[PDB]
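Commentary on secondary and tertiary structure
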Amino acid sequence: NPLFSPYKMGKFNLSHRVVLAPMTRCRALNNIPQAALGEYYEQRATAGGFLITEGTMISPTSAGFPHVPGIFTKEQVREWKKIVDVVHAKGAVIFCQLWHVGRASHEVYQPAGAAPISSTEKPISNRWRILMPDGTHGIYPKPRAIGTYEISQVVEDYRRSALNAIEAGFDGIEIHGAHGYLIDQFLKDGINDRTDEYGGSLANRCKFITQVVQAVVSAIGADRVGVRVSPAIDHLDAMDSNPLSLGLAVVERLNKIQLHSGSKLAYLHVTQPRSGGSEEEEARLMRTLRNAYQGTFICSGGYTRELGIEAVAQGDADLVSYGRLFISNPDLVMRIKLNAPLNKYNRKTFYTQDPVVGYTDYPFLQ
Ligand SMILES: NC(=O)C1=CN([C@@H]2O[C@H](COP(=O)(O)OP(=O)(O)OC[C@H]3O[C@@H](n4cnc5c(N)ncnc54)[C@H](OP(=O)(O)O)[C@@H]3O)[C@@H](O)[C@H]2O)CCC1
Ligand SMILES: Cc1cc2nc3c(=O)[nH]c(=O)nc-3n(C[C@H](O)[C@H](O)[C@H](O)COP(=O)(O)O)c2cc1C
């Protein structure tokens, strides 16, 4: 089983290649990590396994989901530390995902009901609705297009949050630049139409992610920094006219940062759209991005035991991250090793607030 051969990612020697994909679950009430998160991440931690936490706020204006944890207050750091200590006690590596939703928010998630921020003033289309704290679905409001001073301050929020994550004991951080959130709202030409230096050309639309990655690398080092993108995913109207060229342009900048900083990033994390008879074309795009990047490649999206085994066997990726199957299988790593049948997941309790129901009450193997 190639999924259980050792792999060295950064300065961390991993015992296997099954990775916990970052997953918002909305159990961190009042944006403070709760003890339920400690139990939840401990259930899934293994000796030498790599975990990525749910998306974590970098500022009071970065949230777009109810009760998502933060890492911008000292109170959040101290609560985050107890969860990291329990995960490390099992011998696992854990990264905190820094997540700014940009325009994918609502006045109920913003201080003083202010408009969310983005690269443009174009709102998300009415085909998509935002989950509200009461379980209903609302309309995405018109975002506010930030200037370059505010851009450098958001970059400052990323750098400040990365240090807070290291202060809490995290092994590193992942930059969430996918799924149509803030960083993706600058990358994709379907959204970014600015006439300044952050929009227009392909290189200009890559400036924001470059400066964010440059800031966290300068603060904590490239070996503790991962980057997640999804150029081929149109989630929340995140459509680019050339997903391959966008991904390649992003990869070339990650390489350039590695050459300049003299160290390699932790990894490149890419999620594919899946979704038919287009499996060969979607696999070619992911392999093209992998072959272009000098470093570790993590593939994500609709992966199974057999699909993940083949991903490492043919060299399409070095690590494979699992999302929904890890929700319903806390011992998913052990189940993949023994080829034991997996349990189904309940979508209704993905985003609920109960600290046990649909969160930590999925049984292990008997
Ligand atoms: N912070 C983030 O980065 C976020 C990432 N997210 C991604 O944005 C999208 C929004 O997801 P969602 O929670 O609003 O529901 P979604 O995954 O899009 O699909 C809803 C329904 O379509 C079903 N569906 C049938 N095909 C499929 C198929 N290829 N794939 C994802 N579902 C499928 C799917 O079946 P499953 O429950 O997954 O078995 C479900 O019934 C997803 O791609 C998700 O990966 C979740 C929200 C947080
Ligand atoms: C409920 C839910 C929450 C998610 N939250 C995040 C998130 O916070 N950050 C992120 O980068 N991806 C998030 N994702 C996407 C997954 O990390 C990953 O891209 C995808 O689920 C992998 O596909 P799979 O579930 O079929 O393995 C989420 C997915 C789901 C279903």
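Residue positions are given from 1 per chain in written sequence order; they need not agree with the entry numbering, and residues without coordinates are hidden. Key to labels: chains lettered from A, ligands numbered from 1, both in the order written. The side-chain numbers reported here are obtained from all heavy atoms of the structure, hydrogens and water having been left aside. Residues with missing side-chain atoms are left out of burial classes, side-chain pairs and their counts.

Method-wise, the PDB entry is recorded as coming from X-ray crystallography, at a reported resolution of 2.08 Å.

Of all residues adjacent to ligand 2, which total 18 residues, the nearest are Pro22, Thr24, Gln97, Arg228 and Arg324. One of the backbone nitrogen or oxygen atoms of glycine 55 is found 3.4 Å away from an oxygen atom of ligand 2. At 2.6 Å from an oxygen atom of ligand 2 is found a side-chain nitrogen or oxygen belonging to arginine 324. Methods summary: accessible areas were calculated by the Shrake-Rupley approach with a probe of 1.4 Å, and residue burial reflects only the protein chains presented. In isolation ligand 2 has 610 Å² of accessible area, and contact with the protein removes 88% of it. Note on definitions: the grid is 1 Å and covers protein atoms alone; a cavity is a set of points where a 1.4 Å probe fits but cannot get out; a pocket is an open set with protein on both sides within 12 Å along at least five of seven lines; lining residues have an atom within 4 Å of a point. A pocket or cavity is taken to hold a molecule when more than half of that molecule's atoms are within 2 Å of the pocket's grid points. Under a 2 Å grid-point criterion requiring more than half of the atoms, the pocket assigned to ligand 2 is the largest pocket. Note on terminology: near, applied to a residue and a molecule or strand, indicates that one of the residue's heavy atoms is within 4 Å of it. Contacts described as polar in this section are N or O atom pairs within 3.5 Å, which, within protein, must combine one atom able to donate a hydrogen with one able to accept it, while residues neighboring in sequence count only if both atoms come from side chains.

Glancing now at helix α1 (residues 35-44). Extensive coverage of α1 is indicated by the burial of seven of its ten residues. Buried positions along α1 lie against β3 (18-20), β4 (50-56), α2 (74-89) and α10 (324-328). Throughout this description, buried means an accessible area under 20% of the type-specific maximum (1.4 Å probe, protein chains only), exposed means over 50%, and partly exposed covers the range between. Think of it this way: any DSSP run of H or I at least four residues long counts as a helix, any run of E at least two long counts as a strand, and we number them from the N terminus. Any pair of residues with heavy atoms lying within 4.5 Å of one another is described as a contacting pair.

With that out of the way, let us pick up the packing of aromatic side chains. Here is the rule: rings of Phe, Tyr and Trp (six-membered ring for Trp) pair when centre to centre is within 6.5 Å. Planes less than 30 degrees apart are stacked, more than 60 are edge-to-face, and the remainder are tilted. Summed over all chains, the structure comprises 14 aromatic pairs. The interplanar angle of 25 degrees and the centroid separation of 4.5 Å between the aromatic rings of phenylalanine 186 and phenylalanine 208 together place this pair among those described as stacked. In this pair, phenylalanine 186 is assigned in helix α4 (residues 182-187) and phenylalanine 208 in helix α6 (residues 207-220), connecting sequence segments 22 residues apart. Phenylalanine 186 sits in the buried class, given a relative accessible area of 1%. Residue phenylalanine 208 is classed as buried on the basis of its relative accessible area, which comes to 1%. Note on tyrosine 345 and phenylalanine 350: the rings are 6.1 Å apart at their centroids and 45 degrees apart in plane angle, and the pair reads as tilted. Taken together, the ring pairs connect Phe65, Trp99, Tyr181, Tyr345, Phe350 and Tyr351 into an aromatic cluster. We call a charge positioned over a ring when the NZ of a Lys or the CZ of an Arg lies within 6 Å of the ring centre and within 35 degrees of the ring normal. When the ring centre of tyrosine 303 is taken as reference, the NZ or CZ atom of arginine 274 above it lies at 4.4 Å.

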